[PDB]
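Just below is one structure, and these are the notes that go with it.
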Amino acid sequence: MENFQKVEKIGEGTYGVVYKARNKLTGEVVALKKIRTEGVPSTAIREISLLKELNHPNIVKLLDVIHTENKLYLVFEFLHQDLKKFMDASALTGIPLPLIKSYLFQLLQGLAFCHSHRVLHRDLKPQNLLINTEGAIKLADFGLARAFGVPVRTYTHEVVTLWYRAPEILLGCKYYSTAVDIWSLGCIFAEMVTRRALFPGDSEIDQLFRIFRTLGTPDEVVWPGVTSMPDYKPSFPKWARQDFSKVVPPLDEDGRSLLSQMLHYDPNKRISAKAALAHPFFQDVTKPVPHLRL
Ligand SMILES: C=CCNc1nc(N)c(C(=O)c2cccnc2)s1
């Protein structure tokens, strides 16, 4: 980009490529995302022009949006590491509980904010959660499946991760609710605690069945209306819910209680971000500094 010196490619996002770049003029270092073509929708640039005002300490700041040459560029504040990398870097020892708790609390603050402003993330995963040396964690790469759409990959040959997808999306719900973000965050919470993905499906049905095998195949009792969902099949196997203490050992009962509420099948029973913030698990929340190697 004529106005930026791509320092390096920092990823192949779900819409385009992401580069670390320096503003040749201001000297500020940013994350530049080049969006995918033949005119670009306007309803999108509005949805985007909306996210620019969605400013919060736990939401990656969207600095500028630029539509030019069938290319759409999003300029974001740069963060040095994502949670996926940090989790991999902490796999032998694990992220200390106080830090896991701080991160979970901050992400819920970010989601409570998004949700109170009627914005859904829709694609939370460790790779889209950015952290800095001061102990903050922020939501990045908001989905925008209602502003541009959800492509088969990202833009070119790239398998989309289904591990954090809410069951209602997998069952074909046409309208997502804020609850899909709580589900994804609960999956991330579990993963930070156990150091292993909770539901690592490699296909939509395998993702769905891995969820069913752990939480039990949903029925009308725990999820009213489930058997009437678009992709629900009466032929789905009937798995019994496994004991919850076996899922995230050795997480304490306060943590397990909160997680169970973030993982309720029925989107309406699923705890809201606002309510989760008041959960007993956060009585002793603090803000530790992570050990980051950059
Ligand atoms: C994690 C280190 C790179 N630094 C980044 N810093 C930011 N701000 C990044 C993003 O806003 C982002 C992330 C994933 C997909 N699309 C955009 S990436």
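Computed over heavy atoms, backbone and side chain alike; hydrogens, waters and symmetry mates excluded. Position 1 is the first residue of the sequence; numbering continues from there.
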In Å and rounded to the nearest 0.5 Å, what is the [atom1] to [atom2] distance from [X] to [Y]?
X      : Y      : atom1 : atom2 : result
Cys114 : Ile59  : SG    : CD1   : 3.5 Å
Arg122 : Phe142 : CZ    : CZ    : 9.5 Å
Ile48  : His67  : CD1   : NE2   : 11.5 Å
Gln242 : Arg213 : CD    : CZ    : 11.0 Å
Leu130 : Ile137 : CG    : CD1   : 8.0 Å
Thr93  : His291 : OG1   : NE2   : 11.5 Å

Q) Would you call the rings of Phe78 and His80 parallel, tilted or perpendicular if under 30° counts as parallel and over 60° as perpendicular? A)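 Answer is perpendicular, since the angle exceeds 60°.
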**Q.** Parallel, tilted or perpendicular, as decided by the 30° and 60° cut-offs, for the rings of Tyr265 and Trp223
**A.** parallel
Could you tell me whether a side-chain N or O of [X] sits under 3.5 Å from a main-chain N or O of [Y], the two making a donor and an acceptor?
X      : Y      : answer
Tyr19  : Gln5   : no
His117 : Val119 : no
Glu168 : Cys173 : no
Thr154 : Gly16  : no
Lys71  : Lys34  : no
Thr161 : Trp163 : no
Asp231 : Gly172 : yes

Co-membership, hydrophobic cluster, residues [X] and [Y], 4.5 Å side-chain:
X      : Y     : value
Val18  : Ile66 : no
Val60  : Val7  : no
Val285 : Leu97 : yes

Does [atom1] belonging to [X] count more than 12 external heavy atoms closer than 6.0 Å?
X      : atom1 : value
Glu69  : CD    : no
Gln283 : CD    : no
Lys24  : NZ    : no
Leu294 : CG    : yes
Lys274 : NZ    : no
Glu47  : CD    : yes
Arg195 : CZ    : yes

Q. With distance as the sole criterion, is a donor-acceptor pair present between the side chains of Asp181 and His115 under 3.5 Å?
A.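 Yes, a side-chain donor-acceptor pair sits under 3.5 Å.
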(Q) Is it true that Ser102 and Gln106 share a donor-acceptor pair across their side chains at a distance under 3.5 Å? (A)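 There is such a pair (donor and acceptor under 3.5 Å, judged by atom type) between the side chains of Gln106 and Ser102.
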Please report the closest heavy-atom contact between [X] and [Y], naming both atoms and the distance.
X      : Y      : value
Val289 : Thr133 : CG1-O, 3.6 Å
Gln207 : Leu162 : CD-O, 3.1 Å
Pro237 : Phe209 : CD-CZ, 3.5 Å
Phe148 : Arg36  : CZ-C, 4.1 Å
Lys52  : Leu62  : CG-CD2, 3.4 Å
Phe4   : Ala21  : CB-CB, 3.9 Å

Q: Evaluate the side chain to side chain contact (heavy atoms under 4.5 Å, CB included) criterion for residues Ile95 and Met87: first the C-alpha distance (whole Å), next the side-chain angles of each, then the deciding distance (0.1 Å), finally the verdict.
A: CA-CA 7 Å; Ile95 301 169; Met87 279 198 290; 3.7 Å; yes
Q: Test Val180 against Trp183 for side chain to side chain contact (heavy atoms under 4.5 Å, CB included), laying out the working first.
A: CA-CA 5 Å; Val180 307; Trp183 175 278; 5.7 Å; no
Q. Looking at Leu124, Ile188, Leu198, which hits side-chain contact (heavy atoms from CB on, under 4.5 Å) with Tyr164?
A.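 Exactly one pass, corresponding to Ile188.
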Q) Out of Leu251, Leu258, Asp252, which one pairs with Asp254 under the side-chain contact (heavy atoms from CB on, under 4.5 Å) rule? A)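 Checked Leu251, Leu258, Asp252 against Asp254; only one passes side-chain contact (heavy atoms from CB on, under 4.5 Å): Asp252.
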Q: Quick one: do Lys125 and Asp123 satisfy salt bridge (charged side-chain N to carboxylate O under 4.0 Å, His left out)? Show the steps, please.
A: CA-CA 6 Å; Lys125 41 190 164 182; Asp123 196 28; 3.3 Å; yes
Q: Begin from the C-alpha positions of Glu12 and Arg153 and carry the test salt bridge (charged side-chain N to carboxylate O under 4.0 Å, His left out) through to its verdict.
A: CA-CA 10 Å; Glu12 312 191 302; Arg153 304 306 191 68; over 6 Å; no
**Q.** Close aromatic pair by centroid cut-off 6.0 Å: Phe212 and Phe236
**A.**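 Ring-ring flag for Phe212/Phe236: true, centres closer than 6.0 Å.
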**Q.** Chi angles and distances behind the side chain to side chain contact (heavy atoms under 4.5 Å, CB included) call for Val159, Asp202
**A.** CA-CA 9 Å; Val159 196; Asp202 67 345; over 6 Å; no
Q: Establish, for the pair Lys61 and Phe76, whether the NZ or CZ atom is under 6.0 angstrom from the six-membered ring centre and no further than 45 degrees off its axis.
A: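 Not satisfied by the 6.0 Å and 45° rule.
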Q | From CA spacing to verdict: side chain to side chain contact (heavy atoms under 4.5 Å, CB included), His56, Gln109 | A | CA-CA 9 Å; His56 183 95; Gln109 291 184 92; 4.2 Å; yes
Q | Check ion pair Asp266-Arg270 (N to O, under 4.0 angstrom) | A | no
Q: Apply salt bridge (charged side-chain N to carboxylate O under 4.0 Å, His left out) to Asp219 and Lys238, showing your working.
A: CA-CA 9 Å; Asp219 47 39; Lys238 273 52 182 172; over 6 Å; no
Q. Between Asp88 and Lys84, does a salt bridge (charged side-chain N to carboxylate O under 4.0 Å, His left out) hold up when you go through it step by step?
A. CA-CA 6 Å; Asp88 293 326; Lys84 183 175 190 307; 3.5 Å; yes
